[PDB]
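So this block is entry02.txt, compact mmCIF, C-alpha atoms and all ligand atoms:
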```
# COMPACT_ATOMS: atom_id res chain seq x y z
CA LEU P 837 -23.08 20.57 23.63
CA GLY P 838 -20.38 17.91 24.11
CA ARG P 839 -22.81 15.30 22.82
CA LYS P 840 -23.44 17.53 19.79
CA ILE P 841 -19.70 17.72 18.99
CA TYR P 842 -19.44 13.95 19.57
CA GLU P 843 -22.36 13.27 17.21
CA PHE P 844 -20.87 15.61 14.62
CA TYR P 845 -17.38 14.05 14.74
CA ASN P 846 -18.71 10.47 14.49
CA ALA P 847 -20.81 11.10 11.36
CA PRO P 848 -19.39 9.32 8.24
CA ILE P 849 -19.68 12.46 6.07
CA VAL P 850 -17.55 14.38 8.60
CA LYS P 851 -15.01 11.54 8.77
CA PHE P 852 -14.90 11.53 4.95
CA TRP P 853 -14.34 15.27 4.44
CA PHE P 854 -12.07 15.49 7.49
CA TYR P 855 -9.81 12.68 6.26
CA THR P 856 -9.90 14.29 2.79
CA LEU P 857 -8.72 17.69 4.08
CA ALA P 858 -5.89 16.00 6.00
CA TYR P 859 -5.08 14.06 2.81
CA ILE P 860 -4.85 17.29 0.77
CA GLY P 861 -2.56 18.54 3.55
CA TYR P 862 -0.44 15.41 3.05
CA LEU P 863 -0.22 15.98 -0.69
CA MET P 864 0.83 19.64 -0.38
CA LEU P 865 3.40 18.86 2.34
CA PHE P 866 4.83 15.92 0.40
CA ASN P 867 5.05 18.11 -2.73
CA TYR P 868 7.00 20.60 -0.66
CA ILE P 869 9.46 18.02 0.64
CA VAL P 870 10.04 16.52 -2.84
CA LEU P 871 10.54 19.83 -4.67
CA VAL P 872 12.72 21.37 -1.91
CA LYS P 873 15.91 19.58 -0.73
CA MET P 874 16.72 17.10 1.99
CA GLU P 875 19.55 17.32 4.52
CA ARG P 876 21.50 14.93 6.75
CA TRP P 877 18.39 14.71 8.96
CA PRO P 878 14.81 15.08 7.68
CA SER P 879 13.04 18.43 7.70
CA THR P 880 10.11 18.97 10.07
CA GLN P 881 7.39 18.63 7.43
CA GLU P 882 9.12 15.49 6.15
CA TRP P 883 8.82 14.14 9.71
CA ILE P 884 5.10 14.98 9.48
CA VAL P 885 4.96 12.92 6.26
CA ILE P 886 6.75 10.02 8.00
CA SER P 887 4.24 10.13 10.86
CA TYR P 888 1.39 10.10 8.30
CA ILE P 889 2.75 6.92 6.68
CA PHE P 890 3.62 5.19 9.97
CA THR P 891 0.21 5.73 11.57
CA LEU P 892 -1.39 4.79 8.23
CA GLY P 893 0.48 1.50 8.49
CA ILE P 894 -0.85 1.05 12.03
CA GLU P 895 -4.38 1.76 10.78
CA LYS P 896 -3.99 -0.83 8.00
CA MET P 897 -2.68 -3.15 10.73
CA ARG P 898 -5.87 -2.89 12.74
CA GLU P 899 -7.78 -3.24 9.46
CA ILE P 900 -6.05 -6.63 9.33
CA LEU P 901 -6.68 -7.34 13.01
CA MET P 902 -10.38 -6.39 13.28
CA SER P 903 -11.88 -8.26 10.32
CA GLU P 904 -14.71 -10.79 10.39
CA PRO P 905 -12.75 -14.10 9.94
CA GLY P 906 -11.07 -15.38 13.09
CA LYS P 907 -8.04 -17.25 11.70
CA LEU P 908 -5.23 -14.74 11.09
CA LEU P 909 -4.23 -15.98 7.62
CA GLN P 910 -7.87 -15.65 6.52
CA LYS P 911 -7.90 -12.10 7.96
CA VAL P 912 -4.78 -11.26 5.93
CA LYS P 913 -6.16 -12.90 2.77
CA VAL P 914 -9.61 -11.22 2.88
CA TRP P 915 -7.85 -7.94 3.72
CA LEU P 916 -5.65 -8.52 0.65
CA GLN P 917 -8.52 -9.29 -1.75
CA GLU P 918 -9.05 -5.53 -2.40
CA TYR P 919 -6.64 -4.16 -5.05
CA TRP P 920 -6.30 -0.62 -3.67
CA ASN P 921 -5.60 -2.07 -0.22
CA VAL P 922 -2.88 -4.33 -1.73
CA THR P 923 -1.22 -1.35 -3.40
CA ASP P 924 -1.58 0.58 -0.12
CA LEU P 925 0.48 -2.13 1.61
CA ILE P 926 3.00 -2.10 -1.27
CA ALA P 927 3.38 1.69 -1.09
CA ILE P 928 3.84 1.72 2.69
CA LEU P 929 6.62 -0.83 2.25
CA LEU P 930 8.44 1.14 -0.42
CA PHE P 931 8.07 4.36 1.55
CA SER P 932 9.60 2.63 4.58
CA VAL P 933 12.39 1.31 2.33
CA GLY P 934 12.87 4.85 1.00
CA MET P 935 13.07 6.05 4.60
CA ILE P 936 15.89 3.59 5.41
CA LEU P 937 17.65 4.60 2.19
CA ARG P 938 17.11 8.29 3.02
CA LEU P 939 18.60 8.03 6.52
CA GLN P 940 21.80 6.44 5.20
CA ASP P 941 24.43 8.81 3.78
CA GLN P 942 25.36 9.51 0.15
CA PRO P 943 24.83 7.96 -2.42
CA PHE P 944 21.66 6.73 -0.63
CA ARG P 945 19.94 10.15 -0.29
CA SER P 946 19.50 10.17 -4.08
CA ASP P 947 17.84 6.73 -4.14
CA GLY P 948 15.59 7.74 -1.25
CA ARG P 949 14.58 10.81 -3.24
CA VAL P 950 13.84 8.51 -6.21
CA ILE P 951 11.58 6.36 -4.02
CA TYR P 952 9.81 9.45 -2.66
CA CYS P 953 9.46 10.57 -6.33
CA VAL P 954 7.56 7.36 -7.16
CA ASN P 955 5.42 7.76 -4.03
CA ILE P 956 3.82 11.02 -5.29
CA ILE P 957 2.77 9.14 -8.45
CA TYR P 958 0.99 6.52 -6.36
CA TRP P 959 -0.41 8.97 -3.80
CA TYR P 960 -2.09 11.00 -6.50
CA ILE P 961 -3.45 7.90 -8.29
CA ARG P 962 -4.93 6.80 -4.93
CA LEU P 963 -7.48 9.65 -5.35
CA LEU P 964 -9.47 7.78 -8.02
CA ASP P 965 -11.18 5.64 -5.43
CA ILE P 966 -12.52 8.60 -3.45
CA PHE P 967 -13.39 10.33 -6.75
CA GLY P 968 -15.58 7.38 -7.71
CA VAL P 969 -18.25 8.89 -5.40
CA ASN P 970 -19.01 12.18 -7.18
CA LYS P 971 -21.81 11.78 -9.75
CA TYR P 972 -19.65 12.91 -12.68
CA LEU P 973 -16.13 11.64 -11.89
CA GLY P 974 -17.10 8.02 -11.12
CA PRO P 975 -17.95 6.95 -14.70
CA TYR P 976 -14.73 8.68 -15.81
CA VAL P 977 -12.71 6.55 -13.35
CA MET P 978 -14.56 3.41 -14.48
CA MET P 979 -13.72 4.25 -18.11
CA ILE P 980 -10.05 4.53 -17.08
CA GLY P 981 -10.47 1.11 -15.43
CA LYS P 982 -11.74 -0.61 -18.59
CA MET P 983 -9.33 1.43 -20.74
CA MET P 984 -6.53 -0.33 -18.83
CA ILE P 985 -7.50 -3.65 -20.46
CA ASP P 986 -8.36 -2.22 -23.89
CA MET P 987 -5.21 -0.08 -24.05
CA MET P 988 -3.17 -3.09 -22.85
CA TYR P 989 -4.21 -5.21 -25.85
CA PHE P 990 -3.56 -2.15 -28.02
CA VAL P 991 -0.03 -2.05 -26.52
CA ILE P 992 0.59 -5.61 -27.81
CA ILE P 993 -0.67 -4.57 -31.28
CA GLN Y 942 2.32 55.56 -16.72
CA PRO Y 943 2.16 52.87 -15.43
CA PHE Y 944 -1.64 53.11 -15.00
CA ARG Y 945 -2.28 53.50 -18.73
CA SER Y 946 -0.27 50.30 -19.35
CA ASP Y 947 -2.39 47.98 -17.23
CA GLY Y 948 -5.52 49.91 -18.18
CA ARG Y 949 -4.80 48.82 -21.75
CA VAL Y 950 -4.31 45.31 -20.31
CA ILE Y 951 -7.78 45.39 -18.70
CA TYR Y 952 -9.19 46.53 -22.07
CA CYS Y 953 -7.35 43.59 -23.67
CA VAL Y 954 -8.98 41.28 -21.10
CA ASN Y 955 -12.40 42.78 -21.93
CA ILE Y 956 -12.03 41.96 -25.66
CA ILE Y 957 -12.35 38.23 -24.77
CA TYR Y 958 -15.80 38.64 -23.25
CA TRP Y 959 -16.91 41.15 -25.86
CA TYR Y 960 -16.46 38.39 -28.39
CA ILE Y 961 -17.95 35.61 -26.16
CA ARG Y 962 -21.02 37.88 -25.88
CA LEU Y 963 -21.79 36.75 -29.48
CA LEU Y 964 -22.84 33.24 -28.37
CA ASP Y 965 -26.14 34.46 -27.03
CA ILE Y 966 -27.01 35.96 -30.41
CA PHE Y 967 -25.45 32.90 -32.13
CA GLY Y 968 -28.35 31.17 -30.48
CA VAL Y 969 -30.94 32.43 -33.02
CA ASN Y 970 -29.51 30.55 -36.02
CA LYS Y 971 -30.82 27.02 -36.63
CA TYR Y 972 -27.29 25.56 -36.82
CA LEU Y 973 -25.22 27.84 -34.56
CA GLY Y 974 -27.45 27.42 -31.49
CA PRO Y 975 -27.03 23.64 -30.90
CA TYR Y 976 -23.27 24.17 -31.30
CA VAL Y 977 -23.37 26.93 -28.66
CA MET Y 978 -25.26 24.58 -26.32
CA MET Y 979 -22.52 22.01 -26.96
CA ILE Y 980 -19.97 24.57 -25.66
CA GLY Y 981 -22.45 24.98 -22.78
CA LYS Y 982 -22.46 21.31 -21.74
CA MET Y 983 -18.81 20.74 -22.72
CA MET Y 984 -17.72 23.40 -20.21
CA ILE Y 985 -18.95 21.39 -17.19
CA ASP Y 986 -17.70 18.12 -18.73
CA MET Y 987 -14.34 19.79 -19.37
CA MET Y 988 -14.24 21.13 -15.79
CA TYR Y 989 -14.55 17.64 -14.31
CA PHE Y 990 -11.98 16.49 -16.86
CA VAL Y 991 -9.66 19.31 -15.69
CA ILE Y 992 -10.01 17.83 -12.19
CA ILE Y 993 -8.84 14.47 -13.60
CA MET Y 994 -6.14 16.27 -15.65
CA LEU Y 995 -4.72 17.92 -12.53
CA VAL Y 996 -4.70 14.62 -10.61
CA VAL Y 997 -2.78 12.79 -13.36
CA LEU Y 998 -0.67 15.45 -15.10
CA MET Y 999 0.33 17.11 -11.82
CA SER Y 1000 1.69 13.82 -10.46
CA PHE Y 1001 3.74 13.46 -13.64
CA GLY Y 1002 4.87 17.10 -13.42
CA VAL Y 1003 5.99 16.89 -9.80
CA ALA Y 1004 7.63 13.52 -10.53
CA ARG Y 1005 9.54 14.98 -13.50
CA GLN Y 1006 10.85 17.97 -11.44
CA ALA Y 1007 11.70 15.63 -8.50
CA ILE Y 1008 13.66 13.36 -10.93
CA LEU Y 1009 14.97 16.54 -12.69
CA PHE Y 1010 16.51 19.81 -11.31
CA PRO Y 1011 17.37 18.73 -7.70
CA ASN Y 1012 19.08 21.99 -6.72
CA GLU Y 1013 16.28 24.56 -6.80
CA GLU Y 1014 15.74 26.40 -3.49
CA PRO Y 1015 12.23 27.44 -2.21
CA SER Y 1016 10.61 29.74 -4.77
CA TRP Y 1017 7.16 30.23 -6.27
CA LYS Y 1018 8.60 29.63 -9.76
CA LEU Y 1019 8.71 25.90 -8.95
CA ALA Y 1020 4.92 25.85 -9.23
CA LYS Y 1021 5.36 27.52 -12.62
CA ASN Y 1022 7.92 24.88 -13.60
CA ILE Y 1023 5.57 22.02 -12.70
CA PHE Y 1024 2.89 22.97 -15.24
CA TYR Y 1025 4.83 25.14 -17.68
CA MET Y 1026 7.65 22.85 -18.78
CA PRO Y 1027 5.46 19.64 -18.75
CA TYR Y 1028 2.90 21.60 -20.75
CA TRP Y 1029 5.68 21.75 -23.39
CA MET Y 1030 7.16 18.34 -22.53
CA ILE Y 1031 6.63 17.36 -26.19
CA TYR Y 1032 9.71 19.49 -26.85
CA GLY Y 1033 11.54 17.23 -24.40
CA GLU Y 1034 12.31 13.54 -24.72
CA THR Y 1063 22.38 1.61 -12.32
CA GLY Y 1064 18.69 1.55 -13.30
CA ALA Y 1065 19.40 5.25 -13.70
CA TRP Y 1066 17.46 5.90 -16.96
CA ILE Y 1067 14.93 3.25 -15.74
CA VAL Y 1068 13.21 5.75 -13.34
CA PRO Y 1069 12.59 8.47 -16.10
CA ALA Y 1070 11.69 5.58 -18.46
CA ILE Y 1071 8.82 4.63 -16.12
CA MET Y 1072 7.91 8.33 -15.90
CA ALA Y 1073 8.06 8.74 -19.70
CA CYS Y 1074 6.00 5.66 -20.58
CA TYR Y 1075 3.54 6.64 -17.84
CA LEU Y 1076 3.27 10.09 -19.45
CA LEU Y 1077 2.53 8.57 -22.87
CA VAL Y 1078 -0.07 6.08 -21.60
CA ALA Y 1079 -1.65 8.79 -19.43
CA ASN Y 1080 -1.87 11.18 -22.39
CA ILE Y 1081 -3.48 8.40 -24.46
CA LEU Y 1082 -6.02 7.60 -21.69
CA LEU Y 1083 -7.06 11.18 -20.93
CA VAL Y 1084 -7.19 12.44 -24.55
CA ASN Y 1085 -9.25 9.46 -25.72
CA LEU Y 1086 -11.42 9.71 -22.57
CA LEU Y 1087 -12.04 13.35 -23.47
CA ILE Y 1088 -12.98 12.59 -27.10
CA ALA Y 1089 -15.32 9.82 -25.87
CA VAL Y 1090 -16.95 12.25 -23.40
CA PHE Y 1091 -17.39 15.01 -25.98
CA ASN Y 1092 -18.72 12.51 -28.53
CA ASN Y 1093 -21.29 11.13 -26.07
CA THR Y 1094 -22.33 14.71 -25.14
CA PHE Y 1095 -23.35 15.29 -28.79
CA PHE Y 1096 -26.15 12.71 -28.47
CA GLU Y 1097 -28.32 14.45 -25.85
CA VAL Y 1098 -27.93 17.88 -27.46
CA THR V 1063 17.86 4.11 -57.04
CA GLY V 1064 17.53 2.54 -53.60
CA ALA V 1065 18.99 5.64 -51.90
CA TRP V 1066 15.61 7.29 -51.24
CA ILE V 1067 13.12 4.56 -52.26
CA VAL V 1068 12.88 2.25 -49.24
CA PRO V 1069 13.09 5.18 -46.68
CA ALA V 1070 9.98 6.54 -48.42
CA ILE V 1071 8.30 3.11 -48.26
CA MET V 1072 9.10 2.84 -44.54
CA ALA V 1073 7.91 6.40 -43.83
CA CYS V 1074 4.64 5.95 -45.74
CA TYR V 1075 4.08 2.64 -43.93
CA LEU V 1076 4.74 4.27 -40.55
CA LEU V 1077 2.34 7.10 -41.41
CA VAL V 1078 -0.55 4.84 -42.49
CA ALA V 1079 0.02 2.43 -39.58
CA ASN V 1080 0.08 5.34 -37.11
CA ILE V 1081 -3.23 6.60 -38.53
CA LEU V 1082 -5.07 3.25 -38.34
CA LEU V 1083 -3.75 2.57 -34.81
CA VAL V 1084 -4.80 6.04 -33.53
CA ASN V 1085 -8.31 5.74 -34.97
CA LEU V 1086 -8.46 2.19 -33.58
CA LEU V 1087 -7.94 3.81 -30.16
CA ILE V 1088 -10.62 6.39 -31.05
CA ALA V 1089 -13.34 3.89 -32.02
CA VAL V 1090 -12.62 1.33 -29.26
CA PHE V 1091 -12.67 4.10 -26.66
CA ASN V 1092 -15.90 5.54 -28.07
CA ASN V 1093 -17.54 2.16 -27.42
CA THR V 1094 -16.29 1.94 -23.82
CA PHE V 1095 -17.93 5.17 -22.64
CA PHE V 1096 -21.34 4.05 -23.97
CA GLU V 1097 -21.54 0.95 -21.75
CA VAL V 1098 -20.31 2.70 -18.61
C1 LIG P 1101 -0.59 8.93 4.58
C2 LIG P 1101 -2.05 9.04 4.32
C3 LIG P 1101 -2.87 8.48 3.43
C4 LIG P 1101 -4.14 9.00 3.75
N1 LIG P 1101 -5.36 8.69 3.16
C5 LIG P 1101 -5.69 7.50 2.60
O1 LIG P 1101 -4.86 6.71 2.17
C6 LIG P 1101 -7.19 7.18 2.54
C7 LIG P 1101 -8.03 8.37 2.11
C8 LIG P 1101 -8.04 8.78 0.79
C9 LIG P 1101 -8.81 9.86 0.39
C10 LIG P 1101 -9.57 10.55 1.31
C11 LIG P 1101 -9.56 10.15 2.63
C12 LIG P 1101 -8.80 9.07 3.03
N2 LIG P 1101 -7.63 6.58 3.80
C13 LIG P 1101 -7.10 7.14 5.05
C14 LIG P 1101 -7.28 6.21 6.23
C15 LIG P 1101 -7.27 4.74 5.86
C16 LIG P 1101 -8.27 4.50 4.77
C17 LIG P 1101 -9.04 3.34 4.70
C18 LIG P 1101 -9.96 3.17 3.68
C19 LIG P 1101 -10.12 4.15 2.72
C20 LIG P 1101 -9.37 5.31 2.77
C21 LIG P 1101 -8.44 5.48 3.80
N3 LIG P 1101 -4.10 9.83 4.76
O2 LIG P 1101 -2.74 9.86 5.14
```

Conversion result in structure tokens:
Amino acid sequence: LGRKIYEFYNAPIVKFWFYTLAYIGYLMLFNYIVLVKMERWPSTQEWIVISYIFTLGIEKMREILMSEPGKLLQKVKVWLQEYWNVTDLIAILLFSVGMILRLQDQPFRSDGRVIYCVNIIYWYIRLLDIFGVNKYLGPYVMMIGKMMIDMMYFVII
Amino acid sequence: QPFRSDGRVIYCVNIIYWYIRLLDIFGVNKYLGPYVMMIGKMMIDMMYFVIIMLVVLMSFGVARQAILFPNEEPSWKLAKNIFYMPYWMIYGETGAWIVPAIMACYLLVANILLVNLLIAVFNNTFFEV
Amino acid sequence: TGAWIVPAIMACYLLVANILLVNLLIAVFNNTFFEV
């Protein structure tokens, strides 16, 4: 029975859906902490959000430190050749910066709330990757991808 | 009262379906029927597009409220404010203004992307039908 | 004589330019969905 639970929890489909449910949990909790206030110290669900981001940073760190090249700069470079992974690093750094601005007193609470207001924009646009798996949403995402370039040249015009 | 009041409401919900019941019959005419089947395929295409619409428009809605009214206590009307007011955001308009600027230009480019995506989808759907 | 004239020229120009740019978006984005 223990082997059955172990085989179920190491299947990639289970890891996918199980990460996705925790990610939906993240999005609802982070919605709650951005619509409702902040205080001198963070609320409990905001601390949950901070632990999400911190352990995500640690996971990205071992993604750096368990790649196939053996020279560390090559590990960092190959890890930074994927666009979504680059913006993941960028977002973790602004969310940390927003944390340091949030912990410092007024007028820094407002700027921390601004940074956490930009983070919900990025952490809903992160969903397009995962979406690119469903048989109907994937071509839609790829159209948005090419429409970036086409709409960009239309912005110049 | 008040049972007659919401009974009339349930009747007024029923009127919707008692007109949509006409699509079946509209399927005998040589020109109405392919159109009805276009509603038929466009419903699933629109459903997946509503998934995309929630992912993009809801980030803009929550971002607007977060950058807007900061002094609203826990209530279920906040969920109403995050897709009621940005549904009528056309009525609306330090770095300071820079943050809403990013939000505003993101709203315009997002509206352009999704609306033209939707017209492209519904135009491609015409081919198979 | 020039009180209304050149506002009308500018408004008509903005209207026609807005139309051709919007349908430019329409046609270019109809092509993109075909390839993908
Ligand atoms: C905080 C935070 C973010 C997050 N989710 C992800 O950012 C992402 C993901 C996205 C959608 C569904 C499931 C997971 N994810 C989590 C773990 C690291 C990683 C590696 C490659 C691809 C995705 C991925 N969970 O908490």

*Which one is closest to chain Y: P:870, P:937, P:885, P:926? Count all atoms listed in the file.*
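Between P:870, P:937, P:885, P:926, the residue approaching chain Y most closely is P:870.
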
*List all protein, DNA and RNA residues that have any atom at most 9 Å from ligand LIG 1101 (chain P), counting all atoms listed in the file, and write the list as a PyMOL selection string.*
chain P and resi 851-863+885-893+895-896+899+920-921+924+928+959+962-967

*What residues in chain V have any atom no more than 7 Å from chain Y when counting only C-alpha atoms, and can you write them as a PyMOL selection string?*
chain V and resi 1088+1091-1092+1095

*Grab the CA of residue 994 (chain Y) to CA of residue 1083 (chain Y) distance for me, in Å with one decimal place.*
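Rounded to one decimal, the two atoms are 7.4 Å apart.
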
Give me, as CSV, each residue of chain V that comes within 10 Å of chain P, together with its shortest interatomic pair and the distance in Å at one decimal, counting all atoms listed in the file, with rows ordered by chain and rising residue number.
```
residue,atom,partner,partner_atom,distance
V:1083,CA,P:990,CA,8.3
V:1084,CA,P:990,CA,9.9
V:1086,CA,P:990,CA,8.6
V:1087,CA,P:990,CA,7.7
V:1090,CA,P:986,CA,7.7
V:1091,CA,P:983,CA,7.3
V:1094,CA,P:979,CA,6.7
V:1095,CA,P:979,CA,6.3
V:1096,CA,P:979,CA,9.6
V:1097,CA,P:979,CA,9.2
V:1098,CA,P:975,CA,6.2
```

*If we count all atoms listed in the file, which residues of chain P reach to within 10 Å of chain Y? Please list them as a PyMOL selection string.*
chain P and resi 867-874+946-947+949-964+967+972-973+976-977+979-980+983-984+987-988+991

*What does the distance from CA of residue 922 (chain P) to CA of residue 907 (chain P) come to in Å, to one decimal?*
19.3 Å

For region 1079-1088 of chain V, I'd like the enclosing box, axis-aligned and padded by 8 Å on every side, reported as JSON with centre and edge lengths in Å to one decimal.
```
{"center_x": -5.3, "center_y": 4.4, "center_z": -34.9, "size_x": 26.7, "size_y": 20.4, "size_z": 25.4}
```

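CA of residue 918 (chain P) is found 28.8 Å from CA of residue 1067 (chain Y).
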
*Which one of P:866, P:844, P:989, P:883 sits closest to residue 935 (chain P) if you count all atoms listed in the file?*
P:883
